[PDB]
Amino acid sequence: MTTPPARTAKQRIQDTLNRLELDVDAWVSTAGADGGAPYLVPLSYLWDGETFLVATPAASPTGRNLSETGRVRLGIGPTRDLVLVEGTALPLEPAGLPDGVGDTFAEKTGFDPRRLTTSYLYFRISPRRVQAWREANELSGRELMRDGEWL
């Protein structure tokens, strides 16, 4: 076993899409609206090929930060074979979520916010930047998406 050469954007994108399809959990990094207030939690996600869907209690720090700021970073994969997403989050009421999407979320993740009595929100997160890199080798071409578009 050795270190593979820096990836072609094409091969990195393929690897990145496979990862997003396979993994169930992401590190979800947010910040308080009032400054110097980082927050980090793991959440299960549903990826559909263009946006992520997650769910958290509306009153959780994360819920509040996604609701109040709309800004999120996702860390997915091993730290030496990572996918980092900068995204924008919009809240969705469980009661309004399309039936099939709700069902798919619950099949993928093993829980269903619609049935929980604690007030949850779903958040649909639209990727704006995506970085993927293993090693220093791959820092330079790490940006795979900028402004919602694969490069």
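Position 1 is the first residue in the sequence shown; the rest follow in order.
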For 59 to 67 versus 105 to 113, entry-based mean Cα B-factors point to 105 to 113
So which stretch wins on mean C-alpha B-factor, 114 to 122 or 35 to 43?
114 to 122
So if I compare the CA B-factors in the entry for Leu53, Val28, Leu97, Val85, which one is the largest?
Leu97
Could you tell me which third, lowest, middle or highest, the C-alpha B-factor of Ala136 occupies within its chain?
highest
